[PDB]
Each structure stands twice: as C-alpha cells, then as structure tokens.
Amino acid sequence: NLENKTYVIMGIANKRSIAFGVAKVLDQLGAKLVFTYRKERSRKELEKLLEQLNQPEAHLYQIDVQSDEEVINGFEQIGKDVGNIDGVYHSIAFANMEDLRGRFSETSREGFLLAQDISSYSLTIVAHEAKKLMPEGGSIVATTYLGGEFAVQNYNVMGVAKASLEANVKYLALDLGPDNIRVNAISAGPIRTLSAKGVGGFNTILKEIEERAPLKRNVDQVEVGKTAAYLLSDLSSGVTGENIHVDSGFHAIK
C-alpha cells in the first residue's frame, strides 16, 4: 500500500509506454504521481491518460534530460509543488536510427555520445536532484534491457548505453546507500512501444521469447509496473544495486 507516497515517473509518451504500466500500478496502490515529459505531444498524451487514473490532479513537468537546467529546475519545482518524494521511476532512452541500423563498428561518435547522454548520464543527474527531495531516503528505478549484458543483434549503440546504465545504477547504489536511497534496475523483456520501432528485427525478438523463454510468453507493461511497485516500496528494503529481469525468464537460458 502506497498511500501518502509520492513518485516521479519520467518517460511516458503514450498508452504503450512502459512508464504508463508503472503509472497504473502505482496509482492503483494509492500513490500520488508526478510526471515528466520531453515533447509537447507527450504532455498531451499525459493529459488524456490521467483521465484513466485516480490522480486528483495533473502534476506535469517538462524535463528534457539533455539539459542540466531543466533537470535541476524541474525537480526544484516539483519539490515546491508537492514536497518531498519517495522515489523516481526512470523510463528514458534514445539513440539515432542511423547508428542503430548500421553495423555497430560504424557507430558515429556523436551518436554514441548522444545515446550515453540521454540513456545513462540522465540517471546520474536525476538522482542528484531527486536526492534533494528525499531527505529521509527513497528509491530510484531505471529500465534496462538484456542487450546491456550481452551483444544482441541490431541493439548496437543502445546496448553499450544500457551497459553504462546498469553500472550507473550500481555506482549510485554505493554512493547514495548511506543516505538510505536505493537504486535498482528492471531489465524488461521486449514490449511493443513507440521506441521498439527503432530496434531492427523487433518482431523476431518477441517471437523468440515465446518460443524459448521459460514462461513461453511475452511480458507486458503492467508486469514491469508490479516489479516497480516492489522496488519503489518498502517491500524491497535491503535490496539495492540489483537488476531484476522481468522477461519471462529469458535471461536465465541460452
């Protein structure tokens, strides 16, 4: 039960976003939620999607995590509007398709660095600013993919960005542990989202999970959301620096 808790959820674009799965679970459990977005179009979808939740009010903030000033001023404004928070769900990544759909060895410098910036460094800075609203401690979750742990076909520059993200969770866990702030990752199996359309071969990845993964089915956004609830709540006290695979067991087989 999450009444009297407040979570910031970053990275909803539409109803298929993984962070909307998180939102529904946390809302169902009585949490107060605050949302962040980059594009106008995403604020618009948030304004619509809120009509399905129980949030008595829209708490929406534009934060493009490429900008320090936006991350810093964003969280400062959230603190002024709703007070201290209990956690952050981070559901944000980006890379160019021009890099993704080429050979990994042909990745450009600007594109490799773009992916690191949005997909990994953004957690470091978000945690830094979020820490200020968690003086009694709290919980931070980021979303990763098994391509951070192994070389998967076509995932390419994003796989290197996710490896970087998973180490970021571990170094943040260590840094922020004494402040009673836990930092963890969920490694989600493939789910049809707007961003999935950038991963070449995506339907093939879905089919391989059904045919090979222990549970012989794909996961969805609500399943990622239920494990987020566990990680953002006191149910997972003691658990930090961990990568929980919500992927029908695919990580465990070869």
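Heads up: residue numbers just count along the shown sequence, starting at 1. Here the rigid core means the biggest group of C-alpha atoms that line up within 1.5 Å when the two forms are laid on top of each other.
- Here the rigid core sets the fit, and in 9 other deposited structures of this protein the C-alphas of 106-114 stray farther than those of the other stretch, out of 106-114 and 174-182.
- Taking 137-145 and 160-168 in turn, the stretch whose Cα atoms are more displaced from the shown form in 9 other deposited structures of this protein following rigid core superposition is 137-145.
- When the two stretches 109-117 and 157-165 are set side by side, the higher mean Cα temperature factor goes to 109-117.
- The question of which stretch, 242-250 or 21-29, has the higher mean Cα B factor is settled in favour of 21-29.
- Listed residues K170, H90, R101, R182 were ranked by CA B-factor as deposited; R101 comes out on top.
- Of the residues listed, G225, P190, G200, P214, the entry assigns the biggest Cα temperature factor to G200.
- The PDB entry assigns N96 a C-alpha temperature factor belonging to the middle third of its chain's modelled residues.
- Ranked by C-alpha B-factor against the other modelled residues of its chain, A142 falls in the lowest third.
- Annotation for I186: CA B-factor lies in the lowest third of the chain's modelled residues.
- In the deposited entry, the Cα temperature factor of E149 sits in the bottom third of values across the chain's modelled residues.
- Annotation for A229: CA B-factor lies in the lowest third of the chain's modelled residues.
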